[PDB]
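Chains as they are written, first to last, in the deposited numbering: chain A, 19 to 116, 124 to 211, 253 to 368; chain B, 19 to 116, 124 to 211, 253 to 368; chain C, 19 to 116, 124 to 211, 253 to 368; chain D, 19 to 116, 124 to 211, 253 to 368; chain E, 19 to 116, 124 to 211, 253 to 368; chain F, 19 to 116, 124 to 211, 253 to 368. Read through the structure below, which is laid out as C-alpha cells, and then see the notes.
There are 6 protein chains.
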Amino acid sequence: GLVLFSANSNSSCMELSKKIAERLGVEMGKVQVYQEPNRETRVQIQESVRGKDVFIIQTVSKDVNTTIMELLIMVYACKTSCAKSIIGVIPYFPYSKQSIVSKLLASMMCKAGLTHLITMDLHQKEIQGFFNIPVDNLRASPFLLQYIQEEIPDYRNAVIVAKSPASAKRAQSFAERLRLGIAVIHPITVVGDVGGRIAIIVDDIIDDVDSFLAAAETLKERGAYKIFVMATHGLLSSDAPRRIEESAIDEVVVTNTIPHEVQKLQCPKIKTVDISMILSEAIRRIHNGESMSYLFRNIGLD
Amino acid sequence: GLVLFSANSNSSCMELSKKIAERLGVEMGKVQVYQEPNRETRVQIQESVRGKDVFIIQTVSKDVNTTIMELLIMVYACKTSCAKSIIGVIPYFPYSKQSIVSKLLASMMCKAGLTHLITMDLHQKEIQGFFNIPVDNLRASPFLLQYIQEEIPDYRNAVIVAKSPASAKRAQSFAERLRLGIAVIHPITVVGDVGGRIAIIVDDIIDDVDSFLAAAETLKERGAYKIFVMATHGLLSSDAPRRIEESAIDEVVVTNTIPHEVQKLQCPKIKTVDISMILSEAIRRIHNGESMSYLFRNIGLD
Amino acid sequence: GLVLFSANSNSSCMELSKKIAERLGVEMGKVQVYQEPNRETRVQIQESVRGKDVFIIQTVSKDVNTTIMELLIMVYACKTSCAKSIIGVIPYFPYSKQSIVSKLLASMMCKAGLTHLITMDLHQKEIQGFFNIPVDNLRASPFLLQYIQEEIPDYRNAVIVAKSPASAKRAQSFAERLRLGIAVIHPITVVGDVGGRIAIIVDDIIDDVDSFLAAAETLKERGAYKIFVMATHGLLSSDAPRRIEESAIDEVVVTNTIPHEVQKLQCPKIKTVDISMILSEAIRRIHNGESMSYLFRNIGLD
Amino acid sequence: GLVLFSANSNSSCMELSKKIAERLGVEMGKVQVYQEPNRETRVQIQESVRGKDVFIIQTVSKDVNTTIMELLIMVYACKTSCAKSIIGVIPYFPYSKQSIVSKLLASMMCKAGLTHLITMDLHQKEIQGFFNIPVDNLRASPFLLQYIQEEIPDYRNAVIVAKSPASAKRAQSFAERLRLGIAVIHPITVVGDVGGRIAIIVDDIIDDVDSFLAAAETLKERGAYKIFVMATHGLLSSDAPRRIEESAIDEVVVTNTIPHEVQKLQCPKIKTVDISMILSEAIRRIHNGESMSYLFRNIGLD
Amino acid sequence: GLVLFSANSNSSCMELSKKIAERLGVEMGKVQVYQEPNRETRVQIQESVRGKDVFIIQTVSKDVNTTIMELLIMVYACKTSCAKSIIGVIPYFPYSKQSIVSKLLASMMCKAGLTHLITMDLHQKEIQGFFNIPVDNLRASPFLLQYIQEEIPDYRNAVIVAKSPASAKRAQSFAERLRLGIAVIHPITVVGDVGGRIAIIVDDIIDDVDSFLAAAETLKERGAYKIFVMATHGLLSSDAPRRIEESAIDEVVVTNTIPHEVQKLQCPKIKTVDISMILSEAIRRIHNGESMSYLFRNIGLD
Amino acid sequence: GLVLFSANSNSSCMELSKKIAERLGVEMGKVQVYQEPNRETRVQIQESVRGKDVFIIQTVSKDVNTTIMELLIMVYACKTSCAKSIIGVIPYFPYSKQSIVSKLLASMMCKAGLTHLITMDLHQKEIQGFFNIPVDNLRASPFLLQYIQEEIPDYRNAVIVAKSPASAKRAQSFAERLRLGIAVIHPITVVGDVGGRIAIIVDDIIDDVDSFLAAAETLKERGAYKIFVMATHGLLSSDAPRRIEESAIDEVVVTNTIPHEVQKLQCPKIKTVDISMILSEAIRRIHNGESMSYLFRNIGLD
Ligand SMILES: [Cl-]
Ligand SMILES: [Cl-]
Ligand SMILES: [Cl-]
Ligand SMILES: [Cl-]
Ligand SMILES: [Cl-]
Ligand SMILES: [Cl-]
Ligand SMILES: [Cl-]
Ligand SMILES: [Cl-]
Ligand SMILES: [Cl-]
Ligand SMILES: [Cl-]
Ligand SMILES: [Cl-]
Ligand SMILES: [Cl-]
C-alpha cells in the first residue's frame, strides 16, 4: 500500500475522498473517470498499482447505476493490474433499503474483485453477510449523538422519536446514551409522551421525505415544540429539500456519506456533519493491521 | 419426485414430518438416522433417490449441532445418489438469533448440496440472502392471528405488546390486522396505553424467557389484566417452562416449528398451534411448479 | 417454458421484443420496469416463473448502465423465483468494442444467474468464452447481403470496403459471397481499385461516425460514385445522424439490434433492416431442443 | 503471525494445545468457547487477529459434532477478522474411518475459510485430496517405533501383527524398520509365524475394540506370549478400556492425538505417547516458510 | 438422452465402446477425433446434442496424455452444445496409481463440464471424492471370480495371493467368496501356506510386471504348482508381455477396461474377460433413473 | 521469491528457460520432468518452494498435449507445496489458433492453481479474458521491427504484406512504424502496390506453411523482387522447413517463443530472433512489483 482512488466523475462526489486524503496526509491517486458519447463509462488508472493496497472511495451520485458501473469497472481494473488488496470504501451502500437486490449488488462487487469493504450504517446490517469477504459496517451515531449534546440547547427536554415501529430500535439506542424517553409513530397516531418537549426523530436514512413530514405534523399536533431529524444518509431525492423547508421540521441533520450540495442551498434547515474522521481512521487501522475494536476512543465531532 | 425424508433421530422430532406426510397423503421415505458409539452420526438412505425430488424435513432437537450434522450428512448422501432436487424443509433455522454465524451455517448447507430451502419466520429475514439458492421464508402469523381471534375472548380489548423496541415491527403487523393499538417495553418501563386491557406479547421466538418475564411483571404493574405470549418458535430452553408456570404470563401460544414435548407437560400454560398445513402447501406448490403467491387463501387454523 | 420478458423501460426499446413475440405467436410476460425517484431501478415480475424457460429480451437504451442494471436485476429475480432456464437475448452486447471490460460484464451476467445467451455479431467473437455458460453469437450478414442483392441496383459494380485494416476480414466475407473485389482504407489513403464503382463499406457496428466520414471523402475523391454503409449495430451516438446527413455517404443500412427511433427522423439516409426472424428462430430452436446448425436455410429478408 | 488458539471447551481437550505452546515458547491466544443454554456454541476471539498467521488447535472431545461446530465457527470468525492464514491443526480428523462423509467434512472446513491443515496419520491418506488447500498428513510411527525399541524388552523376538488384511500395509512398514516378520489375522485364523513370540499389533486407530480382542485371543491361542497394541489414535469409545483391562492384551500404546483422560484411569494397560513435538515442529516450519522435508531428523521420543 | 460417443482416435480403443453399443441396441454417435499436423487434437461432434443425455466412452491408449485431452476437449464441446448431462464412462482412470495427481486430473474433468462418472475398480476408491459430482466406481471381481470358478480346474486347491501387503485386502475379498486361504508376499519371502497348491495372484492392475515376476518365482520356489494372475486393469506397459511369456506365471487374466491388442499376440498367456455388460448395465440404470443397488443380480460372465 | 523452473523434458525445449536464467543472473531450480514406461508424466520438485514466488517456464515441444500435462502437473505440485505465487511463463500459448478450446485450456491452467501468466503475442488477444487471473500478453514486434531496420537492406523500398485479410491489422501496425504502404492477399489475387518492391509478409504465427507459399508465388508474379516472412511463433509443423527451402520466400524470421532446432538445419532460410530479454524483463518487473508500462524503453535487439 497505500493508494486512494475516487471512482466518482464530478467534483461534488469527490469531496469526501478529498477530505479523507487530507486527513491521512496523502496525495490522491491519478485516475480518469468519464463517459464516452454513447454513455459507456471509462476508468483509466494513471499509475502502477501492482502489489499495492488500494482503497477505492465511492460515493453515490444522482445517477446511482452509473456510480455502480464506475465502481465495478475500477475495481476490475485494479484486479487486472494485480493490486494486493482492493478495499471498497462505500460509505452509502445503494439498493439497500428493500428477491433481495442488495445481495445481487454485493456479489457483483465481490466477483469484480473486491477483497474488503468499508461502509457506514447499513440499512439492514445482515447485508454484511451478503458478501464473501470481510466488511466493516461503521457507526455514525457517536458523531450524531455528540451533535445533539453540543448543538441542541435543552436536549434533556427531548424525546427521541421513531418515524415507524421499524425505527424503534435505533431511537432506543439514542435515548439510552442520552438518558431519555422514546416515542414511536404509527393514517397515524403516537405512542409515548411528547407534549411540551423537543422531539428528535432518528433514522439511518432520509430520502423519501413523506413519512418524515407526517411524523412532524403529528408531533406538532401533540404539543412537541421543536422537531429535529437526524439520519446517517442524506439521499434526499428529488423535491425533498423544498418539502422540508415548507414543513414543521425545524432542523435536519445528516452526515456526508452522500453528497448533497444542491439540497443544502434549497434548504438551510439541512445541517451536514463531517464523517471523514471515522472513515480515515477505519482506513488507517486496516492499512496498519491494527484492531478495529475501539474505534471511537480518540475521534470526535471533534 | 416426490420423496420425503426426516433427518431426525428421535420420535418427538419426527412428529412434524409425520403430519406433513399425512397431509400430502404419502408414505415417509425409508432412512436410518442414528449414532455410533463414538457419537458420530450415521445416515443411511434405504431406497433409490435418483432423478427424484427430495424434501428433507429437519426439526431442531435438544442437541442442535447434531441436528445440523444429521441434516448436512443426509443432504450430502442425496447429492451423491443424484437426487434431482434437494429441498431442505427446516422450519426453525438455528444459529439465527445473533461475524454473522447464520451465514456460515447457510453456506455449509449450500455446499453440502441443498438446492432449495423452505423455512418459517426467519429471525432476520435478510438471512434469505445468505444462501446462493432459492428460499421460502414462510409466514406463521395468519395462524397465530386466527388463534387470537377465535381462541381469545375479548381480544378487541387487547393491546399488542413488543417485548423490546426490536419487536415493535412485528407488534405493529399484528395490531394492524386486528385493528388494535400497540405498546412497547423498554431496568424498564412502558410506552403506550396498557391499563385495563388484555396484553398480547408478540415475538418470532421464545427461548430465553427472562425479558418475557420482565415484560409480564411491568404489564401487570401498569394494570393489564391478562398477559399472553405468541411466538412462532418455541425453543424454550432449559428451565423456561417452570419460570413461565410460576409467572404472571397467563398463556403462551407457540407453533410446532420446534418440538417441545417435555415443556408442554412442565407447563400447561403452553398452547401449541399446528403448522404442517403451511408446510405441506409450500411443498405441494414447489413440487407441482405452481406459484407461491397466495399461499394462505385456502388454508387456515382451520 | 416458455415465457418472454422485456427488461426495457421505454416503448422504443421494447419494439424488438414485441416483434419477436408476434413471430412466435405468444403474449409477452407481465413485468414492471421503472425507476424510483432516487433513480434506482425496479423490476417486478407479475406472474409465476417457477419451472419455466424464460427468455429475457434486452436492447440497449440511451442509458446503457441502466440497461445493464435492469437486465441484471431482472435475471436475479428470475433466479430467485426458480426459473428452469434464464436465457438472455441481448442482440447488442454493450461494452464490447474496447483490462477487457466486456469480460467483467459477462461475469456479472453469469453470477446474476444467466444460464444461456443469445446475441448477434459480437465485436470480437472470442467474447463467447468470457462467459461460463452456453452462448449463441448470431450472424446478421445473410440479411444484409440479401439486402445488397435486392435493394442495391448495380451491385456487381461495387467494391466492398473496409473502414480500417481491422474490418478487412468482414469485407472479405461479403465480397466472397457477392463475387466481388475488396478495398481497404488506411491522415489516410486507399488500397484497391475503387474508381468508377459503387463502394459498400461494411462493419459490425456504426456508433462513432468519424472514420466512416473520412472513408466516404477518400472513396469519393478516388472516383467511387456511390457510397454505402452496412453495419449490424446502429448505436449512432449523439450527433451521428446529422453528420451522416450532411456527408458523402449516400445510404446507411443497419439492423434493429439497437433501437434508433430519433436518428431515423434526423436522417432519412438510415435504412433499418428487421432481424426479429433470426432472433425468433434462435429462440424456437433453443426451446424445442433442436439443433442450431442451419439456421438460415428457411429464413430470409424475406 | 503468529497466534495459537484452541477451539476446545474443556480442560482435557486443551492439554495438547497447551503442550504445543510450551514447546514453541508462547502464550495461548485469548478466546472463549462455551455453550448457550439452548446448546448452540459460542466462540469469541478476545484479541486482534488481523494480518496474523493463526493456528487453531482442535482435538476431538466426547461430543464430536460439537467439536466440529466449535472448529467451523472459530475458523469463520478468524476469516471475518481478516487473518492472513488460518491453519487448522487437527491431529485426529473425525468421520474418516468409513458417499464418503470425510469429503463433506473437508469441504465445510474449506468453505468456512481454512487455508491450511495439519494432521496426523489420516485413516486413508487420499483424504488429503478432499480439500482444496494445502495439507500436511503427518507421521506418528517414528515415535511409536522408537517406543518399541526403548520400552519393549526383547523386541527382536516380536512379530508385527495386522488386525485385518487392511492393516497389512502398516504392519509391513513397522516390520521393515525393525527388521522383523509380520503376521496378519483373518470367525478367524492367522497367517504367519507367531508361536513363542511377542506379538505387536499395529493400526492407525483403536476405537472399536472388538477385533482387537479377537486378534488377542487367537494370537494367545497360537502361542504368542505377550500381546501389544500400538495405534496412533486412541478414540477408545464407550466401554473400550474395561474390555481391554479384562483381556489378553498386555499393553496398549497410543499417542495423544485424542485426549483420553478417563480411559487411562479405567485401564493402566493404556500407555500414552506425547506427540506435541511433531506438531510444534510442523507449525515452526510452516510459520517460518521452511521446508517440511525432514521432519524427524532432530526430533525424537526424545 | 441418449447418445454414446467415443473420444478415442484408433480402432483398438473404440472396441469397448462398440460392444457397449451392441449391448444397448443403439448406433454410436457421429464424431471425428483426430490430430492436426502440429499434434493438437481435434474433436468435432457431428450431430445435435442439445437437451440430450450423453455418455462419452473413453479408454486409455498408448498416449495417455492425448487420451486425456481428447476426453477433456470432447466433454467441453458437449457442454458448449448444451447437453443435459455429460457422463464420462472411463473404465480405467489414469494417473491413479501414485501432491496426489489423480486429484488434479479429477478437477479438470469436472471443470471441463463432466456431470457424472462411471468407472471400474479405482486404484484407491477414495478417488471418488476427488470429484465434485456423482461417481460410480464399479466392481469387476464378480466377473473374475466367476472365471476362477468356471475356467480354473481344481480351484478349491488354490490359495489367493497378494503381491504385496497392499494387495492383502483384495486377496481376502477373493478368498472369502471362494471359501479359501490367502497368502501374502513381502528381497522377499512369503506368509501363508502355499505348498502343493494352485496360487492365484490377485490385484486391481497389472502394468509394471516386476513384482508380479518376483511373486511367481517365490511361489514356485515354495512349491506352488500353478501360478495365475487376475487383475482388473491390463495396462501391460512396454516389454511386459514378453517378460510374462518367459516367466513362471502360467496364466494372466485381465478385463478389457484397457485395450491390449498387441500384448495378446505377444503373449497367449494373457486371457481377456469381457466387461461391457457391467458397463452397459450401469449406463442403462443411469439413463432410466433406476437404482444402482444390485447391480450384478442378473448379469454374469455369462 | 524467486524461483525459476522449466517444466520441459528435453534439452531443446529448455533453451529459452536457460537464457532467461542467464539474464536474471540466477541458477535454475532443481526439478525432474520425465515419463514413466506407461507414458504418464512425472514431475518432481527437488527443493522447498514454500512462501516463494515461482515462475514456471514452459515452451511447446513436438508433443503439445504432453507439454500441457507437464505444465499442469507441475503447477499443481507448486500449489500443494504452498508457493506464494505461481506465474506461468508460457511464451507460446497452444490451442489458440481456432466451442473455443483456448478457453478450456485457460481454465484448467487456472484450476490447477496458476496465479499469473506471462505470454507473447496471443493469436486473439481476447484470450487474456479466458483466465480468471492476471495476464501479460507481450509484444514481440519491437524486436522484429528492429530486425527489419538493421538486417534488411533497402527496407524503405518494402511493402508490408498480410497473408490474408485477417492479418491486415498487424501489417498496418508494421507499416505505420516503418512509414510504409501495405498490401493484402486474398484461388487468389492481391490488393495494393507490390511491383518492384521488397515484400515483407507479417503474421503472428507460421505453422501451416500453405498460404505463406501461395502468398509468395503471387507476390513473385506481381513483380515483388524479394519475399520475407516475419512471424512471432515458429511452430513450423511437419514438412514446413522443406517446403520453405524450395519456395519463393527468401527469408523467414521467427522468434524463439517455440524451439525449432531441426527446422533451422532443414532450412537455413529460417532466422531465429532471441526474445529472452522481453521475457526476463517482464519477470524482473513482476517480481519487484514494478509497473509494466514501458516495457521496451531500455531493451532492444540489442
Ligand atoms: Cl429493508
Ligand atoms: Cl450509526
Ligand atoms: Cl439478530
Ligand atoms: Cl410470521
Ligand atoms: Cl476491440
Ligand atoms: Cl454478422
Ligand atoms: Cl475407510
Ligand atoms: Cl503414522
Ligand atoms: Cl496409490
Ligand atoms: Cl473389482
Ligand atoms: Cl482464431
Ligand atoms: Cl507482437
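No residue lacks a Cβ here, since even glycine has one placed at the ideal position from N, Cα and C.
Within 10 Å of its beta-carbon, does residue i have 16 or more other beta-carbons around it, so buried, or fewer, so exposed?
{"i": "F:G300", "result": "buried"}
{"i": "A:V44", "result": "exposed"}
{"i": "C:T84", "result": "buried"}
{"i": "E:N322", "result": "buried"}
{"i": "E:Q64", "result": "exposed"}
{"i": "D:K48", "result": "exposed"}
Sort the options by Cα distance to residue i and report the nearest one.
{"i": "B:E311", "options": "B:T144, B:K335 and B:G289", "result": "B:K335"}
{"i": "C:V186", "options": "C:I365, C:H141, C:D259 and C:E175", "result": "C:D259"}
{"i": "D:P253", "options": "D:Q197, D:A193, D:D276 and D:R263", "result": "D:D276"}
{"i": "E:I271", "options": "E:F199, E:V319 and E:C333", "result": "E:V319"}
{"i": "F:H211", "options": "F:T284, F:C96 and F:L331", "result": "F:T284"}
So, helix, strand or coil for residue i, using DSSP?
{"i": "F:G138", "result": "coil"}
{"i": "F:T323", "result": "coil"}
{"i": "C:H148", "result": "coil"}
{"i": "D:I365", "result": "coil"}
{"i": "A:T98", "result": "helix"}
{"i": "D:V328", "result": "helix"}
Alpha carbon to alpha carbon, how far is residue j from residue i? Give it in angstroms, no decimals.
{"i": "F:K80", "j": "F:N26", "result": "11 Å"}
{"i": "F:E327", "j": "F:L302", "result": "11 Å"}
{"i": "A:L203", "j": "A:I341", "result": "21 Å"}
{"i": "F:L22", "j": "D:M358", "result": "20 Å"}
{"i": "E:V256", "j": "D:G261", "result": "17 Å"}
{"i": "F:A306", "j": "F:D273", "result": "7 Å"}
Would residue i pass as a contact of residue j if the rule is Cβ separation under 8 Å?
{"i": "B:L345", "j": "B:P109", "result": "yes"}
{"i": "A:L139", "j": "A:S114", "result": "no"}
{"i": "A:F168", "j": "A:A131", "result": "no"}
{"i": "E:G106", "j": "E:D71", "result": "no"}
{"i": "A:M145", "j": "A:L129", "result": "no"}
{"i": "E:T59", "j": "E:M87", "result": "yes"}
{"i": "C:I324", "j": "C:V78", "result": "yes"}
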